[PDB]
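Visitor: Structure file run-v5.cif, mmCIF, C-alpha atoms, is pasted below:
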data_my_file
loop_
_atom_site.label_atom_id
_atom_site.label_comp_id
_atom_site.auth_asym_id
_atom_site.auth_seq_id
_atom_site.Cartn_x
_atom_site.Cartn_y
_atom_site.Cartn_z
CA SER A 12 -8.98 -40.76 34.18
CA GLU A 13 -5.96 -43.04 33.70
CA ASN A 14 -8.02 -46.27 33.90
CA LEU A 15 -7.93 -47.22 30.22
CA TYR A 16 -11.05 -49.41 30.52
CA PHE A 17 -13.03 -46.16 30.43
CA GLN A 18 -10.96 -44.15 27.93
CA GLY A 19 -11.70 -45.99 24.69
CA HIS A 20 -12.85 -44.29 21.50
CA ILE A 21 -13.68 -45.87 18.11
CA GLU A 22 -13.39 -44.14 14.72
CA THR A 23 -14.17 -45.80 11.40
CA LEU A 24 -10.81 -46.26 9.70
CA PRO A 25 -11.41 -46.73 5.95
CA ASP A 26 -10.53 -50.36 5.22
CA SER A 27 -7.43 -50.89 3.09
CA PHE A 28 -8.74 -54.37 2.24
CA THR A 29 -12.12 -53.26 0.84
CA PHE A 30 -12.24 -52.37 -2.86
CA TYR A 31 -14.00 -49.19 -3.97
CA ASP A 32 -16.99 -51.33 -5.07
CA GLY A 33 -17.35 -52.97 -1.63
CA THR A 34 -15.83 -56.34 -2.50
CA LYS A 35 -12.89 -57.62 -0.49
CA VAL A 36 -9.17 -57.91 -1.16
CA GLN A 37 -8.55 -61.64 -0.78
CA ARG A 38 -5.38 -62.58 -2.67
CA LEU A 39 -1.92 -61.11 -3.13
CA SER A 40 -2.84 -60.63 -6.80
CA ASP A 41 -5.66 -58.30 -5.67
CA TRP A 42 -3.32 -55.79 -4.05
CA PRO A 43 -1.97 -53.94 -7.14
CA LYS A 44 -5.51 -53.13 -8.24
CA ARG A 45 -6.44 -51.90 -4.76
CA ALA A 46 -3.29 -49.77 -4.54
CA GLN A 47 -4.15 -48.06 -7.83
CA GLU A 48 -7.61 -47.19 -6.45
CA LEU A 49 -6.01 -45.63 -3.37
CA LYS A 50 -3.59 -43.67 -5.55
CA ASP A 51 -6.52 -42.34 -7.58
CA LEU A 52 -8.37 -41.40 -4.37
CA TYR A 53 -5.38 -39.60 -2.86
CA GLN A 54 -4.72 -37.68 -6.09
CA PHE A 55 -8.33 -36.61 -6.65
CA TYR A 56 -9.26 -35.82 -3.04
CA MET A 57 -6.04 -34.53 -1.46
CA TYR A 58 -2.75 -34.01 -3.33
CA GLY A 59 -3.69 -33.54 -6.98
CA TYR A 60 -2.38 -35.69 -9.81
CA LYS A 61 1.17 -36.68 -10.60
CA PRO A 62 1.81 -35.81 -14.28
CA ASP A 63 2.46 -38.45 -16.90
CA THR A 64 6.21 -39.14 -16.63
CA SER A 65 6.45 -40.73 -20.10
CA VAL A 66 6.47 -37.36 -21.91
CA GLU A 67 9.13 -35.65 -19.76
CA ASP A 68 12.63 -35.40 -21.24
CA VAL A 69 15.18 -35.25 -18.39
CA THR A 70 18.76 -34.02 -18.99
CA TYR A 71 21.50 -33.07 -16.54
CA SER A 72 24.82 -31.35 -16.04
CA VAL A 73 27.38 -31.94 -13.30
CA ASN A 74 29.75 -29.21 -12.13
CA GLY A 75 31.79 -29.95 -9.03
CA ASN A 76 29.26 -30.75 -6.29
CA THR A 77 26.24 -29.40 -8.22
CA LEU A 78 23.91 -31.60 -10.26
CA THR A 79 21.72 -29.44 -12.50
CA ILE A 80 18.46 -31.20 -13.43
CA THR A 81 16.62 -29.97 -16.54
CA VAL A 82 13.18 -31.19 -17.61
CA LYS A 83 11.39 -30.46 -20.89
CA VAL A 84 7.61 -30.83 -21.34
CA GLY A 85 6.16 -29.77 -24.68
CA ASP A 86 7.80 -26.47 -25.62
CA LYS A 87 8.68 -25.58 -22.01
CA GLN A 88 11.75 -26.40 -19.97
CA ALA A 89 12.82 -25.78 -16.39
CA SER A 90 15.90 -26.52 -14.27
CA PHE A 91 16.90 -26.80 -10.64
CA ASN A 92 20.12 -27.60 -8.81
CA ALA A 93 20.86 -30.46 -6.41
CA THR A 94 23.95 -30.73 -4.20
CA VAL A 95 25.86 -34.04 -4.28
CA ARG A 96 28.11 -35.49 -1.59
CA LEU A 97 29.78 -38.90 -2.01
CA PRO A 98 31.57 -41.21 0.45
CA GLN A 99 35.31 -41.75 0.28
CA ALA A 100 37.10 -45.09 0.25
CA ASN A 101 37.87 -44.85 3.99
CA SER A 102 34.17 -45.52 4.70
CA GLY A 103 34.86 -49.20 4.05
CA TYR A 104 32.50 -49.11 1.05
CA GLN A 105 33.22 -48.99 -2.69
CA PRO A 106 31.10 -47.43 -5.47
CA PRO A 107 28.36 -47.52 -6.51
CA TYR A 108 26.77 -46.26 -3.28
CA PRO A 109 23.18 -46.12 -2.06
CA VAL A 110 21.94 -42.54 -2.07
CA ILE A 111 19.82 -40.48 0.33
CA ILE A 112 17.73 -37.96 -1.62
CA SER A 113 16.78 -35.29 0.95
CA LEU A 114 14.03 -32.71 0.43
CA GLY A 115 15.90 -29.87 2.09
CA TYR A 116 19.34 -30.15 3.63
CA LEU A 117 20.04 -33.22 5.77
CA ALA A 118 20.82 -30.91 8.67
CA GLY A 119 19.54 -29.97 12.11
CA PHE A 120 19.03 -26.55 13.68
CA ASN A 121 20.80 -25.37 16.84
CA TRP A 122 18.33 -23.17 18.73
CA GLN A 123 21.12 -21.69 20.89
CA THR A 124 23.20 -20.31 18.01
CA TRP A 125 20.75 -20.54 15.08
CA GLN A 126 23.47 -22.41 13.15
CA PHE A 127 22.83 -25.62 11.24
CA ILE A 128 24.37 -29.02 11.99
CA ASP A 129 25.32 -30.99 8.88
CA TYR A 130 24.37 -34.66 9.21
CA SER A 131 25.34 -35.51 5.62
CA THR A 132 28.73 -36.27 7.22
CA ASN A 133 27.20 -39.12 9.25
CA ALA A 134 25.75 -40.54 6.04
CA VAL A 135 28.82 -40.45 3.81
CA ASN A 136 30.96 -41.88 6.61
CA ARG A 137 28.62 -44.89 6.60
CA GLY A 138 28.84 -45.28 2.84
CA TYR A 139 25.72 -43.37 1.74
CA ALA A 140 25.79 -40.67 -0.91
CA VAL A 141 23.62 -37.64 -0.12
CA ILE A 142 21.84 -35.54 -2.75
CA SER A 143 19.76 -32.64 -1.45
CA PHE A 144 17.68 -30.01 -3.22
CA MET A 145 15.78 -26.92 -2.11
CA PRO A 146 12.06 -27.75 -2.56
CA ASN A 147 11.09 -24.08 -3.13
CA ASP A 148 13.16 -24.19 -6.33
CA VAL A 149 10.71 -26.80 -7.62
CA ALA A 150 7.59 -25.24 -6.08
CA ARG A 151 7.37 -22.22 -3.78
CA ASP A 152 5.85 -22.81 -0.37
CA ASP A 153 2.90 -20.49 -1.04
CA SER A 154 -0.08 -19.97 -3.34
CA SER A 155 1.87 -18.29 -6.17
CA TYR A 156 2.18 -21.68 -7.92
CA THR A 157 5.65 -20.85 -9.23
CA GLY A 158 8.84 -22.88 -9.54
CA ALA A 159 10.30 -25.43 -11.91
CA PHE A 160 7.31 -27.78 -11.55
CA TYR A 161 4.72 -25.11 -12.32
CA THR A 162 6.77 -23.68 -15.19
CA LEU A 163 6.22 -27.06 -16.88
CA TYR A 164 2.72 -27.73 -15.47
CA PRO A 165 0.96 -24.40 -14.88
CA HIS A 166 -1.55 -24.61 -12.05
CA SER A 167 -5.27 -24.21 -12.65
CA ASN A 168 -8.46 -25.43 -11.01
CA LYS A 169 -9.02 -28.07 -13.69
CA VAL A 170 -8.67 -31.47 -12.04
CA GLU A 171 -5.66 -32.44 -14.19
CA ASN A 172 -3.87 -29.15 -13.47
CA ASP A 173 -4.80 -28.67 -9.79
CA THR A 174 -1.64 -30.29 -8.44
CA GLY A 175 -0.64 -29.26 -4.93
CA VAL A 176 2.79 -28.22 -3.70
CA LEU A 177 3.53 -31.48 -1.82
CA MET A 178 3.08 -33.51 -5.02
CA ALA A 179 5.30 -30.96 -6.78
CA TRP A 180 8.08 -31.40 -4.21
CA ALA A 181 7.79 -35.19 -4.53
CA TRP A 182 8.07 -34.77 -8.31
CA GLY A 183 11.34 -32.93 -7.66
CA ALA A 184 12.77 -35.92 -5.79
CA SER A 185 11.66 -38.20 -8.64
CA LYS A 186 13.40 -36.02 -11.25
CA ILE A 187 16.72 -36.44 -9.44
CA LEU A 188 16.20 -40.22 -9.56
CA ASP A 189 15.46 -39.89 -13.31
CA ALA A 190 18.83 -38.23 -13.83
CA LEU A 191 20.53 -40.88 -11.65
CA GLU A 192 18.90 -43.66 -13.67
CA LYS A 193 20.42 -42.02 -16.75
CA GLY A 194 23.85 -42.32 -15.13
CA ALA A 195 24.35 -38.68 -14.09
CA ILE A 196 26.46 -39.81 -11.11
CA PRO A 197 28.02 -43.20 -11.95
CA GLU A 198 29.26 -43.63 -8.36
CA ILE A 199 25.62 -43.87 -7.17
CA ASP A 200 23.39 -46.95 -7.34
CA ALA A 201 19.96 -45.72 -8.49
CA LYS A 202 18.33 -48.97 -7.34
CA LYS A 203 19.30 -48.17 -3.72
CA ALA A 204 17.58 -44.77 -3.41
CA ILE A 205 16.25 -43.47 -0.09
CA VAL A 206 13.92 -40.46 0.13
CA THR A 207 13.80 -38.40 3.35
CA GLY A 208 12.42 -35.06 4.46
CA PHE A 209 11.53 -33.23 7.69
CA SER A 210 8.17 -31.65 8.66
CA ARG A 211 6.47 -30.20 5.55
CA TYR A 212 9.16 -31.92 3.48
CA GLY A 213 8.42 -35.18 5.31
CA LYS A 214 4.83 -35.09 4.08
CA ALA A 215 6.26 -34.73 0.57
CA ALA A 216 8.83 -37.50 1.17
CA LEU A 217 5.94 -39.86 1.98
CA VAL A 218 4.09 -38.76 -1.17
CA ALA A 219 7.26 -39.32 -3.19
CA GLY A 220 7.58 -42.84 -1.80
CA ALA A 221 3.95 -43.79 -2.37
CA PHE A 222 3.79 -42.48 -5.96
CA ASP A 223 7.30 -43.35 -7.18
CA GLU A 224 7.90 -47.11 -6.85
CA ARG A 225 11.65 -46.79 -7.52
CA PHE A 226 12.49 -45.54 -4.02
CA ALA A 227 13.75 -48.50 -1.98
CA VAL A 228 13.41 -46.70 1.40
CA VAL A 229 10.87 -44.00 2.36
CA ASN A 230 11.49 -41.87 5.47
CA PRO A 231 8.83 -39.32 6.42
CA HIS A 232 10.45 -37.57 9.36
CA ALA A 233 8.07 -35.74 11.73
CA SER A 234 5.55 -35.53 8.88
CA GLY A 235 2.48 -35.09 11.04
CA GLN A 236 -0.97 -34.27 9.72
CA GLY A 237 -1.23 -34.57 5.98
CA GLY A 238 1.71 -37.00 6.24
CA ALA A 239 1.87 -40.16 8.37
CA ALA A 240 -0.39 -39.05 11.24
CA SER A 241 -3.96 -40.34 11.45
CA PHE A 242 -6.60 -37.75 10.58
CA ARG A 243 -9.22 -39.42 12.80
CA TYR A 244 -7.16 -40.38 15.89
CA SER A 245 -5.47 -37.74 18.03
CA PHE A 246 -4.87 -37.65 21.76
CA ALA A 247 -4.62 -34.04 23.03
CA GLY A 248 -4.75 -34.06 26.82
CA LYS A 249 -3.97 -37.77 27.21
CA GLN A 250 -1.58 -38.53 30.07
CA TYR A 251 1.52 -40.41 28.90
CA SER A 252 4.36 -41.37 31.21
CA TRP A 253 6.50 -38.69 29.49
CA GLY A 254 3.85 -35.96 29.65
CA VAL A 255 0.36 -34.72 28.89
CA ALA A 256 -0.20 -34.52 25.14
CA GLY A 257 -0.54 -31.12 23.52
CA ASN A 258 -2.72 -30.37 20.51
CA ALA A 259 -2.21 -32.08 17.17
CA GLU A 260 -2.39 -29.80 14.15
CA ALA A 261 -6.01 -28.96 13.32
CA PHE A 262 -7.51 -30.18 10.03
CA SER A 263 -8.67 -26.63 9.24
CA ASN A 264 -5.10 -25.36 9.62
CA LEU A 265 -4.06 -27.65 6.75
CA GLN A 266 -6.76 -26.08 4.58
CA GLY A 267 -6.14 -22.40 5.35
CA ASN A 268 -4.09 -19.70 3.76
CA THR A 269 -0.75 -20.70 5.34
CA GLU A 270 -0.80 -24.36 4.20
CA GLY A 271 -3.71 -25.00 1.81
CA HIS A 272 -1.44 -24.80 -1.25
CA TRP A 273 0.07 -28.13 -0.17
CA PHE A 274 -3.16 -29.79 -1.29
CA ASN A 275 -5.82 -29.31 -3.99
CA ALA A 276 -9.16 -27.51 -4.12
CA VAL A 277 -11.23 -30.61 -3.33
CA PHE A 278 -9.26 -31.19 -0.13
CA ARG A 279 -9.82 -27.62 1.01
CA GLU A 280 -13.61 -28.03 0.78
CA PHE A 281 -13.99 -30.81 3.34
CA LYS A 282 -15.61 -29.78 6.59
CA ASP A 283 -14.36 -32.72 8.64
CA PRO A 284 -11.58 -35.28 8.09
CA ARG A 285 -14.11 -38.08 8.66
CA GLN A 286 -15.41 -37.14 5.20
CA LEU A 287 -12.13 -38.27 3.60
CA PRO A 288 -12.38 -41.60 1.72
CA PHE A 289 -9.11 -42.75 3.36
CA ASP A 290 -6.86 -42.34 6.36
CA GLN A 291 -3.12 -42.28 6.47
CA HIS A 292 -2.56 -45.99 7.20
CA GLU A 293 -3.46 -46.32 3.51
CA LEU A 294 -0.96 -43.71 2.24
CA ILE A 295 1.82 -45.47 4.17
CA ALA A 296 0.67 -48.83 2.83
CA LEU A 297 1.07 -47.48 -0.72
CA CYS A 298 4.82 -47.84 -0.10
CA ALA A 299 4.52 -51.63 0.22
CA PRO A 300 6.44 -53.84 -0.55
CA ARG A 301 9.22 -51.26 -0.44
CA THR A 302 10.54 -50.16 2.93
CA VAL A 303 9.25 -47.29 5.09
CA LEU A 304 10.68 -45.79 8.30
CA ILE A 305 8.60 -43.41 10.41
CA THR A 306 10.80 -41.14 12.60
CA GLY A 307 10.00 -38.19 14.87
CA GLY A 308 9.65 -37.24 18.52
CA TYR A 309 7.52 -38.73 21.29
CA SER A 310 6.83 -35.20 22.61
CA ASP A 311 6.30 -33.57 19.18
CA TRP A 312 2.62 -33.04 19.86
CA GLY A 313 1.73 -31.10 16.69
CA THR A 314 2.68 -34.14 14.63
CA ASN A 315 0.36 -36.42 16.67
CA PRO A 316 2.76 -39.07 18.10
CA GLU A 317 0.22 -41.80 18.89
CA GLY A 318 -1.86 -41.02 15.79
CA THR A 319 1.31 -41.68 13.78
CA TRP A 320 1.56 -45.02 15.63
CA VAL A 321 -2.11 -45.74 14.75
CA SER A 322 -1.32 -45.22 11.07
CA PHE A 323 1.84 -47.32 11.34
CA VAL A 324 0.02 -50.27 12.92
CA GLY A 325 -2.74 -50.16 10.31
CA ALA A 326 -0.30 -49.81 7.42
CA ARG A 327 1.72 -52.76 8.69
CA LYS A 328 -1.33 -54.98 8.13
CA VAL A 329 -0.83 -54.56 4.39
CA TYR A 330 2.88 -55.33 4.81
CA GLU A 331 1.95 -58.49 6.73
CA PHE A 332 -0.60 -59.46 4.07
CA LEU A 333 2.18 -59.20 1.43
CA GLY A 334 4.54 -61.28 3.60
CA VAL A 335 7.10 -58.52 4.29
CA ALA A 336 6.16 -57.17 7.74
CA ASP A 337 9.85 -56.44 8.51
CA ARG A 338 9.95 -53.73 5.85
CA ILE A 339 7.91 -51.13 7.80
CA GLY A 340 9.62 -49.58 10.83
CA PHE A 341 8.88 -47.10 13.63
CA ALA A 342 11.43 -44.99 15.50
CA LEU A 343 10.38 -42.03 17.58
CA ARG A 344 12.82 -40.70 20.17
CA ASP A 345 12.86 -38.17 23.02
CA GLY A 346 12.06 -34.57 22.33
CA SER A 347 10.15 -32.50 19.86
CA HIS A 348 10.03 -31.11 16.34
CA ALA A 349 13.61 -31.38 15.03
CA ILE A 350 16.11 -33.28 12.92
CA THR A 351 18.44 -34.85 15.51
CA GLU A 352 21.59 -36.93 15.15
CA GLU A 353 19.57 -39.89 16.48
CA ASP A 354 16.96 -39.48 13.71
CA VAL A 355 19.69 -39.69 11.07
CA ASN A 356 21.48 -42.59 12.78
CA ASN A 357 18.18 -44.51 13.02
CA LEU A 358 17.65 -43.97 9.28
CA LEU A 359 21.16 -45.22 8.52
CA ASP A 360 20.69 -48.25 10.80
CA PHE A 361 17.38 -49.05 9.07
CA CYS A 362 19.01 -48.74 5.63
CA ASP A 363 22.02 -50.90 6.59
CA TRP A 364 19.50 -53.58 7.63
CA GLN A 365 17.12 -53.43 4.65
CA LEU A 366 19.73 -52.74 1.95
CA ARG A 367 22.86 -54.46 3.32
CA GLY A 368 21.56 -57.21 5.62
CA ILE A 369 23.26 -55.80 8.73
CA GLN A 370 21.13 -56.80 11.71
CA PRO A 371 20.10 -53.74 13.75
CA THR A 372 20.44 -53.32 17.50
CA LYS A 373 17.08 -51.47 17.64
CA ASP A 374 13.64 -53.11 17.48
CA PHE A 375 11.90 -51.20 14.68
CA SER A 376 8.59 -53.04 15.22
CA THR A 377 7.58 -51.75 18.69
CA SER A 378 7.32 -48.42 20.50
CA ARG A 379 6.37 -46.89 23.82
CA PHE A 380 2.69 -47.05 22.79
CA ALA A 381 0.37 -49.95 23.49
CA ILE A 382 -1.76 -51.32 20.66
CA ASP A 383 -5.31 -50.31 21.54
CA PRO A 384 -8.13 -52.66 20.39
CA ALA A 385 -10.30 -49.56 19.94
CA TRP A 386 -8.24 -48.30 16.98
CA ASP A 387 -6.52 -51.54 15.88
CA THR A 388 -9.38 -52.31 13.50
CA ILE A 389 -7.65 -53.15 10.18
CA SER A 390 -7.22 -56.92 9.83
CA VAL A 391 -5.21 -59.04 7.38
CA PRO A 392 -7.49 -61.11 5.09
CA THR A 393 -7.66 -64.83 5.81
CA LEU A 394 -5.68 -66.98 3.35
#
With the file now loaded, output its structure as structure tokens.
Guide:
Amino acid sequence: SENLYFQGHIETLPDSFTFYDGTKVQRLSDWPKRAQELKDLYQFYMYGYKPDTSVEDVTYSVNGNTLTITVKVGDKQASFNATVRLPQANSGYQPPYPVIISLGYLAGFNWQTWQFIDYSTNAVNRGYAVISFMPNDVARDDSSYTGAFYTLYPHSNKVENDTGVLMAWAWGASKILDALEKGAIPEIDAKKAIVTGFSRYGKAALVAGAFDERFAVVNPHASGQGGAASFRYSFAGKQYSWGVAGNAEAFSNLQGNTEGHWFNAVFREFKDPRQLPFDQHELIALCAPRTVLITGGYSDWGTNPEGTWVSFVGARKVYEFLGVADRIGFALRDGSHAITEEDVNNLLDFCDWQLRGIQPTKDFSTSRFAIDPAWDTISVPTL
């Protein structure tokens, strides 16, 4: 069954270039209106709503390596800590520096010793500041709906209050950027901010990049289903040259008691992902015209490697339409579900290119996957 002439399969991928009312996106000036529709769809049907930022008062305090972020909403206020690491002069770069805001530590896990491997060193040595926070401080990874976000915005089932945990974590990243824009760390350039996260935090990194236009680089790492991976296209059992694909995460697993708190109540009622009014090529395209880098592993089957490619190819159509196709990149590598040194180095190479003009040695526009006419069904509008 390796003859691909007889392996094709067609899903309907909701068209990025069709407005909610059925008319077509034709001009560059049409895109902002279409993007707002997609943001409204994703908030109502999947993640819940980002709160109005205009009525949040953000203050900060710096003590050694700790940046304390404090936010006040009405008569309530809540704080959480972020850890700051800056480059030295010997990096060959002077302040202010671009900054990687990491949801979780920028660090890998050694399965032999169960010790962590700090990759924030790689970043500061290449002239990137690193600010990390612990996402559970902002919202716990469960259905208690507690943490700094929910102190300020108590959860309920009313549409305006039914905000899921991934949107809460993304809000955490945005609050650090708020403090940086207010000059909390003068050595950091808030206009060169990069958001990154692994696995569950990679889903939230993508949400942060789609809903907060100030991030210059968005890096969902191994984000999988509910992140960059297509809901409608998965390839369990397909024979690749590096192996037979395992199962991608099941839609119902996203909705159940171990993960459903990531999303809202509407999302948890769907019977089938084909009922969603979008697929994830649209969430990625919400980052345009800012830059996005999809990283992960070719053998990380639960995150749906080729379905992530499907979403990337479809999202890139919007980037092409806007005239900035170079700003979306793809970089899977060998192996499985992990933060590896190569993942971090690929991010830093992508940032040096997009932010500093340094030409990369990697081709960020291709992969091991072919482009399959069966799923390559989003097309750029004619001029």
Visitor: Name the residues in contact with residue 378 (chain A) at a cut-off of 8 Å, using only C-alpha atoms, excluding same-chain residues fewer than 3 positions from it; report them as a ChimeraX atom specification.
Guide: /A:341-343,375,381
Visitor: Write a file of the selected residues as an mmCIF file, in the frame of the given file, keeping C-alpha atoms.
Guide:
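In the end it all went to again.cif:
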data_model
loop_
_atom_site.group_PDB
_atom_site.id
_atom_site.type_symbol
_atom_site.label_atom_id
_atom_site.label_comp_id
_atom_site.auth_asym_id
_atom_site.auth_seq_id
_atom_site.Cartn_x
_atom_site.Cartn_y
_atom_site.Cartn_z
ATOM 1 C CA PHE A 341 8.880 -47.100 13.630
ATOM 2 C CA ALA A 342 11.430 -44.990 15.500
ATOM 3 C CA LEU A 343 10.380 -42.030 17.580
ATOM 4 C CA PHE A 375 11.900 -51.200 14.680
ATOM 5 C CA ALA A 381 0.370 -49.950 23.490
#
Visitor: Quick one: everything within 7 Å of residue 234 (chain A), counting only C-alpha atoms, minus sequence neighbours fewer than 4 positions away in the same chain. Send it as a list in words.
Guide: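 Here the answer would be residues 209, 210, 211, 213, 214, 238, 239 and 314 of chain A.
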Visitor: Step by step, work through what the PyMOL selection byres ((chain A and resi 362-364) around 10) selects in the shown file, and finish by giving those residues as JSON, numbers by chain.
Guide: {"A": [109, 111, 137, 138, 139, 203, 204, 205, 227, 228, 229, 302, 303, 304, 338, 356, 357, 358, 359, 360, 361, 365, 366, 367, 368, 369, 370, 371, 372]}
Visitor: Translate the PyMOL selection byres ((chain A and resi 394) around 9), as applied to the file shown, into an explicit residue set as a compact mmCIF listing (two decimals) with C-alpha atoms, keeping the file's coordinate frame.
Guide:
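result-v8.txt, freshly written:
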# COMPACT_ATOMS: atom_id res chain seq x y z
CA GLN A 37 -8.55 -61.64 -0.78
CA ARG A 38 -5.38 -62.58 -2.67
CA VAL A 391 -5.21 -59.04 7.38
CA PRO A 392 -7.49 -61.11 5.09
CA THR A 393 -7.66 -64.83 5.81
Visitor: Neighbours of residue 295 (chain A) within 12 Å (all atoms listed in the file; same-chain residues fewer than 6 positions away dropped), as a ChimeraX atom specification?
Guide: /A:27,46,49-50,53,214,216-222,228-231,234,237-241,289,301-305,319-330,338-341
Visitor: Closest to residue 61 (chain A) among A:92, A:172, A:154, A:23, using only C-alpha atoms?
Guide: A:172
Visitor: Given the PyMOL selection byres ((chain A and resi 75) around 12) and the file above, list the residues it selects as a list in words.
Guide: residues 72, 73, 74, 76, 77, 78, 79, 92, 93, 94, 95, 96, 97 and 196 of chain A
Visitor: Between CA of residue 348 (chain A) and CA of residue 226 (chain A), what is the distance, to one decimal in Å?
Guide: 25.1 Å
Visitor: Neighbouring residues of residue 260 (chain A) were defined as those with any atom within 10 Å, considering all atoms listed in the file; residues of the same chain fewer than 4 positions away were excluded. Please report them as a ChimeraX atom specification.
Guide: /A:235-237,240,242,245,264-265,312-315
Visitor: Can you pull out every residue within 12 Å of residue 148 (chain A), counting all atoms listed in the file, but drop anything in the same chain fewer than 4 positions away, and send it as a VMD selection string?
Guide: chain A and resid 79 to 80 89 to 93 114 to 115 143 to 144 152 156 to 162 176 179 to 180 182 to 184
Visitor: Please work out which residues fall within 8 Å of (0.0, -30.2, -2.8), coordinates as given in the file, with all atoms listed in the file counting, and return them as a VMD selection string.
Guide: chain A and resid 57 to 59 174 to 179 271 to 275
Visitor: To one decimal place, how far is CA of residue 223 (chain A) from CA of residue 36 (chain A) in Å?
Guide: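 CA of residue 223 (chain A) sits 22.8 Å away from CA of residue 36 (chain A).
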Visitor: Suppose you want the space between CA of residue 373 (chain A) and CA of residue 296 (chain A); what is it in Å?
Guide: 22.3 Å
Visitor: So, counting all atoms listed in the file, which residue among A:39, A:350, A:100, A:261 is closest to residue 207 (chain A)?
Guide: A:350
